[PDB]
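I have placed the structure first, in the form of structure tokens, so that the comments after it can refer back to it.
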There are 12 protein chains.
Amino acid sequence: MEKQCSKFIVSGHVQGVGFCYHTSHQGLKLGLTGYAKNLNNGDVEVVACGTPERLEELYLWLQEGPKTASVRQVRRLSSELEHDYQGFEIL
Amino acid sequence: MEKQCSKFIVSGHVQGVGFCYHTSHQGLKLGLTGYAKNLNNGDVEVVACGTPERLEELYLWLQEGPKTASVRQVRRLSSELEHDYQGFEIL
Amino acid sequence: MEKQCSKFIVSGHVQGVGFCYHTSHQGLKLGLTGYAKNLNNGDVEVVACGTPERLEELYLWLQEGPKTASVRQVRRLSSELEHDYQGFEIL
Amino acid sequence: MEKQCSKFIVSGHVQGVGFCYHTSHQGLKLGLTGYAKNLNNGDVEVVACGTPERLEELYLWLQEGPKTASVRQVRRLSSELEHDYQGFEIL
Amino acid sequence: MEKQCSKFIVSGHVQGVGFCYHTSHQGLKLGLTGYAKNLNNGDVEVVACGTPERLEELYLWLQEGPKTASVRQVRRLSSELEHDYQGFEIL
Amino acid sequence: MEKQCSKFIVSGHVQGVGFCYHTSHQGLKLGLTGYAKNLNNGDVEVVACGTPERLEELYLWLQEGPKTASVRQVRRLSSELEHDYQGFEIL
Amino acid sequence: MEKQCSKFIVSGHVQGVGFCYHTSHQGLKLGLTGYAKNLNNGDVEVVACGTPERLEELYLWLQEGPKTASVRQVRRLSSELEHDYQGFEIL
Amino acid sequence: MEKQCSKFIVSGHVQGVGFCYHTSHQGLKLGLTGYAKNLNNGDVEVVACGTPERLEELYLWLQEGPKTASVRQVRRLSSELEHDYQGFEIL
Amino acid sequence: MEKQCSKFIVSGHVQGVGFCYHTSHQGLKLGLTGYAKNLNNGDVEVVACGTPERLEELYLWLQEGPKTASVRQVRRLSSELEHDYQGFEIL
Amino acid sequence: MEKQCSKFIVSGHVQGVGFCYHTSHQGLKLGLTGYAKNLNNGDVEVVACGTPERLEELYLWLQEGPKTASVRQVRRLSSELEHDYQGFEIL
Amino acid sequence: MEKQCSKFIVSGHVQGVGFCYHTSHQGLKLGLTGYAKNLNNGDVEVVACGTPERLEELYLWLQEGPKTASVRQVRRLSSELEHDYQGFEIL
Amino acid sequence: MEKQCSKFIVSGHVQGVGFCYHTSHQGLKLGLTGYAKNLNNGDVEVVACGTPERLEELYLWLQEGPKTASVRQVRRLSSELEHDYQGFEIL
């Protein structure tokens with residue numbers, strides 16, 4: 001099995017609207033691990049680790065997937081993370 | 001960011017059929033906090049806290065949302081609760 | 001494997017004399033789940049869930065089972081709750 | 001030491017303003033145990049167990065003590081509670 | 001309410017792809033208890049306890065329910081388990 | 001002291017009737033450690049570690065000791081466990 | 001309720017034989033709090049807090065009550081501690 | 001019922017002197033949530049969420065309120081945080 | 001920073017009156033670590049670790065700081081502790 | 001990064017001699033995840049997930065790495081395990 | 001599998017220098033249980049339980065084993081402890 | 001006992017190879033506190049607190065000490081951190 005970590009920066013009406021919980025829930029259904037972190041500027045930083053295919057699935061969900069939040073942008077950032085995160089924690 | 005609390009009395013075949021867990025899950029996907037409490041008479045008392053729009057979203061889900069429990073009635077009660085509930089616990 | 005819940009009201013000198021602990025211990029030995037809850041009028045509300053035969057055993061112990069407390073009366077009240085509690089905790 | 005429990009019904013703007021946390025803190029400083037409970041009507045039910053002298057001190061604090069909340073009224077109710085609560089929880 | 005337990009053996013690509021989490025979440029929405037266990041041969045052993053209808057509902061989900069995992073076969077095995085599990089654990 | 005571990009297989013109506021809890025409670029009063037595991041075929045696997053005198057005493061309790069469960073047969077099977085378990089858990 | 005604390009020094013074969021657990025259990029059934037500490041010389045220190053009548057009942061159990069340990073002597077020592085211990089811990 | 005988050009940077013001798021604990025305690029008495037974070041340059045970053053009047057109160061306390069720490073300056077920086085923190089933790 | 005540990009013996013009516021909790025709270029506001037232990041002779045043993053100035057600060061509060069307890073004497077005893085305790089526990 | 005799991009069956013004087021704790025410690029230094037389970041026959045089942053090189057390092061350590069246990073044999077079993085194990089736990 | 005307990009009094013520069021952690025770690029690698037307790041006079045009290053061979057092994061490590069602390073003396077004291085300590089705790 | 005804090009930025013192949021676990025373990029044997037944090041660029045941020053002598057000892061270990069990770073550079077950064085961290089966490 002292959003494994004890599006990707007960082008996503010999500011912006012819009014994404015805080016206090018269940019986005020971190022839903023993203024965590026969605027990621028765990030994909031066998032992904034990482035975290036959803038609330039940034040001070042009102043963004044949410046999503047880090048996910050797993051096969052590139054499942055990450056692609058999550059990236060697509062962050063954009064299109066049915067959710068309470070109003071996602072305006074999802075920017076895929078370069079990441080050199082190879083750390084094993086336990087579960088999908090809300091930060 | 002406006003926050004208010006609403007109380008819902010759900011009646012029907014609604015205990016021991018995953019309704020409390022599902023209500024909790026749905027409320028957290030909405031960014032809501034509160035609890036789902038099992039009453040002695042077979043009803044489930046749901047208290048949810050958040051913006052009125054998200055509360056209308058939960059109230060609608062309690063009625064029509066796809067679930068295992070057989071909901072017969074969902075009654076909206078007055079509440080002056082302004083307490084910050086942590087998460088969405090099953091009681 | 002039929003399972004139901006029953007509510008018991010125990011009156012007398014039954015608070016602060018180890019009754020709630022002993023009751024929950026007795027219930028767990030009967031394979032029951034529920035709670036022992038101290039009421040403001042000095043009574044103790046005992047909710048237990050399991051097969052009717054076990055619930056009959058618990059009632060019998062509540063009345064004349066060897067204990068510290070002085071039980072003047074045990075009354076079984078109606079209950080329609082079908083929720084599955086975890087263990088037997090004190091409230 | 002002798003030990004008894006007292007119930008207080010605090011009314012006014014007392015929820016979501018750090019009242020339950022402050023009450024529990026003030027209770028523990030008095031060597032008291034019990035709980036502070038948020039009621040649906042906006043009131044806060046305060047139960048405290050300890051010496052009559054310390055309960056009186058808590059009664060006075062609930063009425064006049066410097067706090068964020070604006071207390072409208074503190075009603076003292078009779079209680080037959082003789083149960084030992086661990087610490088001073090908020091519910 | 002009636003209670004029985006059923007064992008399931010799921011084969012295919014079902015490990016490290018969120019199947020255990022998703023199954024657990026699915027069972028909890030059905031009001032089921034038990035566990036999802038990872039076996040050395042690549043399979044996942046699912047034990048679920050509840051009413052026969054709910055167990056049939058989960059059995060159907062394991063086969064055709066929308067999931068990340070690719071399920072080859074869902075073998076249903078006999079079980080005499082009458083133990084009460086807490087929640088739906090991943091092993 | 002000289003500890004050893006013994007494995008016991010108990011058959012009959014011994015699951016969901018407080019047997020695992022009671023066994024662990026009894027074992028802890030004997031100063032024993034280990035666990036009680038529920039098996040798929042309805043049996044209960046009891047593992048206990050301690051001095052042989054205590055293990056014999058536990059064996060006799062599993063057979064004749066006043067309990068809720070209906071014990072058909074208790075079989076001490078071979079064990080080469082030398083691991084130190086903490087407390088007496090239920091599996 | 002009147003609350004007193006008593007100190008007991010128990011000598012004999014009382015360590016590693018389920019004595020601390022059984023004492024703790026027995027104390028909790030009496031509505032007592034405190035602890036049972038294992039001493040380097042092989043003795044067991046038992047501190048218990050509650051009503052004088054219940055303390056006398058525990059003092060009797062330590063002496064005569066059926067247990068695994070072989071109690072040699074039970075010396076009741078004076079105690080001025082009026083601290084509220086949570087539960088009945090083994091130390 | 002109107003909530004917002006404010007970010008404060010506190011400078012001076014403010015680390016290792018009980019400031020983070022005291023701030024959280026004070027904030028919790030105000031009915032606020034958030035965190036007190038220790039920065040590498042010796043500053044303490046305080047984030048608090050609640051009604052503006054309470055955040056005013058906290059700011060004033062950070063400056064003048066009786067404390068062990070020696071505060072040289074307090075600056076409220078911008079924040080678009082709309083996440084709901086639980087309690088008031090130290091980082 | 002320069003850290004040392006000090007031991008204090010507090011005598012009088014200092015148990016079961018919230019002294020240990022309050023002392024713990026006070027020490028944590030001073031940025032101190034250690035414990036408050038209830039002694040059998042009615043005394044309370046307070047061990048606190050931090051800078052000397054804060055330890056002088058604590059000693060002064062132990063004597064005349066507004067508290068529930070009635071302190072008749074505070075004695076500082078020798079200590080060569082250099083262990084880092086976590087928080088301020090009650091023993 | 002690529003990831004895979006391997007199962008090791010360790011036989012010898014390997015139980016109750018710190019082998020499980022040391023294997024766990026060693027595996028975590030290699031950045032591996034999995035478990036060390038004590039088997040009834042006196043063996044220890046080691047499952048470790050990570051890069052193939054890290055696994056070979058652990059395999060080598062199991063065979064001849066300095067340890068308290070007297071390892072007689074280390075058998076490498078085929079495994080289709082692809083589950084994310086958290087940490088390196090003892091079972 | 002026999003088991004006894006031994007007490008070691010370690011004097012020197014042995015507090016706040018990782019000695020309690022390292023001793024705990026070493027003892028767990030030896031399959032031992034017990035504790036490392038910081039004494040008020042600067043010494044560290046070490047109690048370990050297991051086979052005499054392993055206890056001799058720890059005793060030697062306390063004296064010569066590579067460590068951060070500057071151990072000046074290790075006193076082997078008599079003990080009648082037969083209590084099953086869980087893990088190797090730092091006190 | 002004097003204590004200060006230092007920041008280290010370690011680069012190379014240092015994530016997912018037990019570096020954070022090993023570092024924290026090594027710091028605790030030195031009697032240090034702080035954390036090991038995984039950065040997005042592949043680096044690991046190490047903050048350690050304690051006596052200057054021990055900090056240099058850890059600094060040297062980061063460079064030369066036997067470890068799984070392949071360390072390119074260890075850059076020491078200035079720090080005014082005076083906060084007391086509990087243990088040695090991985091972030």
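By convention here, the chains of the structure tokens are called A, B, ... in the order presented, each chain's residues are numbered starting at 1, and ligands are numbered starting at 1 in the order presented.
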
As a PyMOL selection string, please: all residues of chain F that backbone DSSP puts in strand (DSSP E). chain F and resi 4-13+33-38+44-50+70-77+88-90

Closest pair table for chain J residues within 6 Å of chain F, only C-alpha atoms, as a tab-separated table:
```
residue	atom	partner	partner_atom	distance
J:15	CA	F:83	CA	5.2
J:16	CA	F:83	CA	4.5
J:40	CA	F:81	CA	5.2
J:41	CA	F:80	CA	4.8
J:42	CA	F:80	CA	4.8
```

Least-squares superpose chain F on chain B across all ordered C-alpha pairs, then write out what you get as a compact mmCIF listing (two decimals) with N, CA and C atoms, in the first residue's frame.
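File written: part.txt
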```txt
# COMPACT_ATOMS: atom_id res chain seq x y z
N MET F 1 -21.57 35.33 15.02
CA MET F 1 -22.82 34.60 14.89
C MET F 1 -23.71 34.81 16.11
N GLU F 2 -25.01 34.60 15.93
CA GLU F 2 -25.96 34.78 17.02
C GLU F 2 -26.67 33.47 17.35
N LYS F 3 -26.23 32.83 18.43
CA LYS F 3 -26.74 31.52 18.80
C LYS F 3 -27.97 31.58 19.71
N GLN F 4 -28.80 30.56 19.59
CA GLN F 4 -29.93 30.36 20.49
C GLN F 4 -30.13 28.86 20.67
N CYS F 5 -30.90 28.47 21.68
CA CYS F 5 -31.14 27.05 21.94
C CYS F 5 -32.61 26.68 21.76
N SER F 6 -32.86 25.59 21.05
CA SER F 6 -34.22 25.11 20.85
C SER F 6 -34.40 23.71 21.43
N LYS F 7 -35.55 23.49 22.07
CA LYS F 7 -35.84 22.19 22.65
C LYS F 7 -36.86 21.44 21.79
N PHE F 8 -36.55 20.19 21.47
CA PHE F 8 -37.42 19.37 20.64
C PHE F 8 -37.85 18.10 21.35
N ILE F 9 -39.14 17.77 21.24
CA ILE F 9 -39.65 16.50 21.74
C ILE F 9 -40.08 15.61 20.58
N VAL F 10 -39.41 14.47 20.44
CA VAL F 10 -39.69 13.55 19.35
C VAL F 10 -40.37 12.28 19.87
N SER F 11 -41.48 11.91 19.23
CA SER F 11 -42.25 10.75 19.66
C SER F 11 -42.34 9.67 18.59
N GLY F 12 -42.65 8.45 19.01
CA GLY F 12 -42.76 7.33 18.10
C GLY F 12 -41.88 6.17 18.53
N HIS F 13 -41.37 5.43 17.56
CA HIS F 13 -40.40 4.37 17.84
C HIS F 13 -39.00 4.94 17.67
N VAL F 14 -38.55 5.69 18.67
CA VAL F 14 -37.33 6.49 18.54
C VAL F 14 -36.26 6.21 19.59
N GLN F 15 -36.47 5.18 20.41
CA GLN F 15 -35.47 4.79 21.39
C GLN F 15 -34.91 3.40 21.09
N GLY F 16 -33.59 3.28 21.15
CA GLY F 16 -32.93 2.01 20.89
C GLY F 16 -32.79 1.69 19.42
N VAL F 17 -33.01 2.69 18.57
CA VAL F 17 -32.93 2.49 17.13
C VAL F 17 -31.95 3.46 16.47
N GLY F 18 -30.94 3.89 17.23
CA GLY F 18 -29.88 4.72 16.69
C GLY F 18 -30.25 6.17 16.44
N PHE F 19 -31.37 6.60 17.02
CA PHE F 19 -31.86 7.95 16.79
C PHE F 19 -31.02 9.01 17.50
N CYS F 20 -30.65 8.73 18.75
CA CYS F 20 -29.85 9.67 19.53
C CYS F 20 -28.47 9.86 18.92
N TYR F 21 -27.87 8.77 18.46
CA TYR F 21 -26.57 8.83 17.80
C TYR F 21 -26.64 9.60 16.50
N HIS F 22 -27.63 9.26 15.67
CA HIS F 22 -27.78 9.87 14.36
C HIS F 22 -28.11 11.36 14.46
N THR F 23 -28.93 11.72 15.44
CA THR F 23 -29.31 13.11 15.65
C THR F 23 -28.10 13.95 16.02
N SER F 24 -27.28 13.44 16.93
CA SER F 24 -26.07 14.14 17.36
C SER F 24 -25.08 14.26 16.20
N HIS F 25 -24.98 13.20 15.40
CA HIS F 25 -24.12 13.20 14.23
C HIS F 25 -24.56 14.26 13.23
N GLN F 26 -25.87 14.33 13.00
CA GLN F 26 -26.44 15.29 12.07
C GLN F 26 -26.26 16.71 12.59
N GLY F 27 -26.47 16.89 13.89
CA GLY F 27 -26.34 18.19 14.52
C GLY F 27 -24.91 18.71 14.46
N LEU F 28 -23.95 17.80 14.62
CA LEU F 28 -22.54 18.17 14.58
C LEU F 28 -22.10 18.56 13.17
N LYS F 29 -22.75 17.97 12.17
CA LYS F 29 -22.47 18.31 10.78
C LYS F 29 -23.06 19.68 10.44
N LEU F 30 -24.04 20.10 11.24
CA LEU F 30 -24.65 21.42 11.07
C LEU F 30 -23.91 22.47 11.89
N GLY F 31 -22.96 22.02 12.70
CA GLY F 31 -22.22 22.91 13.57
C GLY F 31 -22.99 23.24 14.82
N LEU F 32 -23.94 22.38 15.17
CA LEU F 32 -24.76 22.56 16.36
C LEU F 32 -24.14 21.86 17.58
N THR F 33 -24.57 22.28 18.76
CA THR F 33 -24.20 21.61 20.01
C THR F 33 -25.46 21.34 20.82
N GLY F 34 -25.33 20.53 21.87
CA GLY F 34 -26.47 20.19 22.71
C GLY F 34 -26.46 18.74 23.14
N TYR F 35 -27.64 18.12 23.18
CA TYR F 35 -27.75 16.73 23.60
C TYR F 35 -29.03 16.06 23.13
N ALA F 36 -29.07 14.74 23.26
CA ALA F 36 -30.28 13.96 23.03
C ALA F 36 -30.57 13.09 24.25
N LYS F 37 -31.65 13.41 24.97
CA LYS F 37 -31.98 12.67 26.18
C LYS F 37 -33.16 11.72 25.96
N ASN F 38 -33.02 10.50 26.48
CA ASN F 38 -34.10 9.52 26.44
C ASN F 38 -35.05 9.71 27.61
N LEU F 39 -36.33 9.88 27.31
CA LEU F 39 -37.34 10.10 28.34
C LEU F 39 -38.04 8.80 28.72
N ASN F 40 -38.65 8.79 29.90
CA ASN F 40 -39.27 7.59 30.44
C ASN F 40 -40.48 7.13 29.64
N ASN F 41 -41.16 8.07 29.00
CA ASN F 41 -42.39 7.76 28.27
C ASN F 41 -42.12 7.29 26.84
N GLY F 42 -40.84 7.16 26.49
CA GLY F 42 -40.46 6.65 25.19
C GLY F 42 -40.04 7.74 24.22
N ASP F 43 -40.31 8.99 24.59
CA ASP F 43 -39.93 10.12 23.75
C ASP F 43 -38.43 10.39 23.84
N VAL F 44 -37.93 11.19 22.91
CA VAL F 44 -36.55 11.65 22.95
C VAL F 44 -36.52 13.17 23.01
N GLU F 45 -35.88 13.70 24.04
CA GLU F 45 -35.74 15.15 24.17
C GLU F 45 -34.45 15.62 23.52
N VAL F 46 -34.58 16.40 22.45
CA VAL F 46 -33.42 16.93 21.74
C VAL F 46 -33.24 18.42 22.00
N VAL F 47 -32.07 18.78 22.52
CA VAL F 47 -31.72 20.18 22.71
C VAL F 47 -30.54 20.54 21.82
N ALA F 48 -30.70 21.57 20.99
CA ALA F 48 -29.64 22.01 20.10
C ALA F 48 -29.44 23.52 20.14
N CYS F 49 -28.19 23.95 20.08
CA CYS F 49 -27.87 25.37 20.13
C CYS F 49 -27.06 25.80 18.92
N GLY F 50 -27.41 26.95 18.36
CA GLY F 50 -26.75 27.48 17.18
C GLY F 50 -27.56 28.58 16.54
N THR F 51 -27.24 28.91 15.29
CA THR F 51 -28.00 29.91 14.55
C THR F 51 -29.35 29.32 14.12
N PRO F 52 -30.40 30.15 14.12
CA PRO F 52 -31.78 29.74 13.80
C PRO F 52 -31.90 28.97 12.48
N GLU F 53 -31.09 29.34 11.49
CA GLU F 53 -31.10 28.68 10.19
C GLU F 53 -30.70 27.21 10.32
N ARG F 54 -29.74 26.93 11.20
CA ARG F 54 -29.30 25.57 11.43
C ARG F 54 -30.36 24.78 12.19
N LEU F 55 -31.02 25.43 13.14
CA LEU F 55 -32.03 24.78 13.98
C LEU F 55 -33.26 24.38 13.17
N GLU F 56 -33.64 25.22 12.22
CA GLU F 56 -34.73 24.89 11.31
C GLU F 56 -34.36 23.68 10.46
N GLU F 57 -33.11 23.67 10.01
CA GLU F 57 -32.59 22.60 9.18
C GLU F 57 -32.58 21.28 9.95
N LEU F 58 -32.25 21.35 11.24
CA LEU F 58 -32.27 20.17 12.09
C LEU F 58 -33.69 19.69 12.34
N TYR F 59 -34.61 20.63 12.53
CA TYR F 59 -36.02 20.31 12.74
C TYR F 59 -36.58 19.51 11.57
N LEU F 60 -36.24 19.94 10.36
CA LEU F 60 -36.72 19.28 9.16
C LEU F 60 -36.12 17.88 9.03
N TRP F 61 -34.88 17.72 9.48
CA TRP F 61 -34.24 16.42 9.45
C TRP F 61 -34.89 15.46 10.44
N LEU F 62 -35.22 15.97 11.62
CA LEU F 62 -35.88 15.18 12.65
C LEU F 62 -37.22 14.64 12.14
N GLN F 63 -37.80 15.35 11.17
CA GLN F 63 -39.08 14.97 10.59
C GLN F 63 -38.94 14.06 9.38
N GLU F 64 -38.17 14.50 8.39
CA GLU F 64 -38.14 13.83 7.09
C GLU F 64 -36.82 13.12 6.77
N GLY F 65 -35.75 13.50 7.45
CA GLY F 65 -34.43 12.94 7.19
C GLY F 65 -34.39 11.42 7.28
N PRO F 66 -33.77 10.78 6.28
CA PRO F 66 -33.60 9.32 6.25
C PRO F 66 -32.98 8.79 7.54
N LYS F 67 -33.74 8.00 8.28
CA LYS F 67 -33.29 7.48 9.56
C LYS F 67 -33.92 6.13 9.86
N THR F 68 -33.35 5.42 10.83
CA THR F 68 -33.85 4.11 11.23
C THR F 68 -35.17 4.25 12.00
N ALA F 69 -35.24 5.24 12.88
CA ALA F 69 -36.41 5.45 13.72
C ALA F 69 -37.66 5.79 12.93
N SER F 70 -38.82 5.47 13.50
CA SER F 70 -40.10 5.87 12.94
C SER F 70 -40.66 7.04 13.75
N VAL F 71 -40.55 8.24 13.19
CA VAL F 71 -40.98 9.45 13.88
C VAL F 71 -42.46 9.74 13.71
N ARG F 72 -43.18 9.78 14.83
CA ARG F 72 -44.59 10.16 14.80
C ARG F 72 -44.75 11.67 14.68
N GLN F 73 -44.05 12.40 15.54
CA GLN F 73 -44.22 13.84 15.63
C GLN F 73 -42.99 14.51 16.23
N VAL F 74 -42.66 15.69 15.72
CA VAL F 74 -41.61 16.51 16.30
C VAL F 74 -42.19 17.83 16.78
N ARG F 75 -41.99 18.14 18.06
CA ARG F 75 -42.52 19.35 18.65
C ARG F 75 -41.42 20.23 19.21
N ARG F 76 -41.29 21.44 18.68
CA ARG F 76 -40.34 22.40 19.23
C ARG F 76 -40.96 23.10 20.43
N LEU F 77 -40.43 22.81 21.62
CA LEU F 77 -40.91 23.44 22.84
C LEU F 77 -40.04 24.64 23.19
N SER F 78 -40.55 25.50 24.07
CA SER F 78 -39.83 26.70 24.49
C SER F 78 -38.55 26.36 25.25
N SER F 79 -37.55 27.23 25.12
CA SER F 79 -36.30 27.08 25.84
C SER F 79 -35.66 28.45 26.08
N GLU F 80 -35.04 28.61 27.24
CA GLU F 80 -34.34 29.85 27.57
C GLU F 80 -32.89 29.53 27.92
N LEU F 81 -32.44 28.38 27.43
CA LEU F 81 -31.05 27.95 27.60
C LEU F 81 -30.10 28.89 26.86
N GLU F 82 -29.08 29.35 27.57
CA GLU F 82 -28.02 30.15 26.97
C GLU F 82 -26.67 29.56 27.34
N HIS F 83 -26.70 28.34 27.88
CA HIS F 83 -25.50 27.62 28.25
C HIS F 83 -24.83 27.00 27.02
N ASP F 84 -23.51 27.01 27.00
CA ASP F 84 -22.76 26.46 25.88
C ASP F 84 -22.37 25.01 26.13
N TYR F 85 -23.08 24.09 25.49
CA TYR F 85 -22.77 22.68 25.61
C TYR F 85 -21.59 22.30 24.72
N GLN F 86 -20.86 21.27 25.13
CA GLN F 86 -19.72 20.80 24.35
C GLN F 86 -20.10 19.55 23.56
N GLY F 87 -19.95 19.62 22.25
CA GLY F 87 -20.31 18.51 21.39
C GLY F 87 -21.81 18.25 21.37
N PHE F 88 -22.18 16.98 21.25
CA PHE F 88 -23.58 16.58 21.17
C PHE F 88 -23.76 15.21 21.83
N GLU F 89 -24.01 15.21 23.14
CA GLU F 89 -24.00 13.98 23.93
C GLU F 89 -25.34 13.25 23.98
N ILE F 90 -25.29 11.99 24.41
CA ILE F 90 -26.49 11.17 24.55
C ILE F 90 -26.77 10.93 26.03
N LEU F 91 -28.02 11.15 26.44
CA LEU F 91 -28.39 11.01 27.84
C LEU F 91 -29.56 10.05 28.01
```
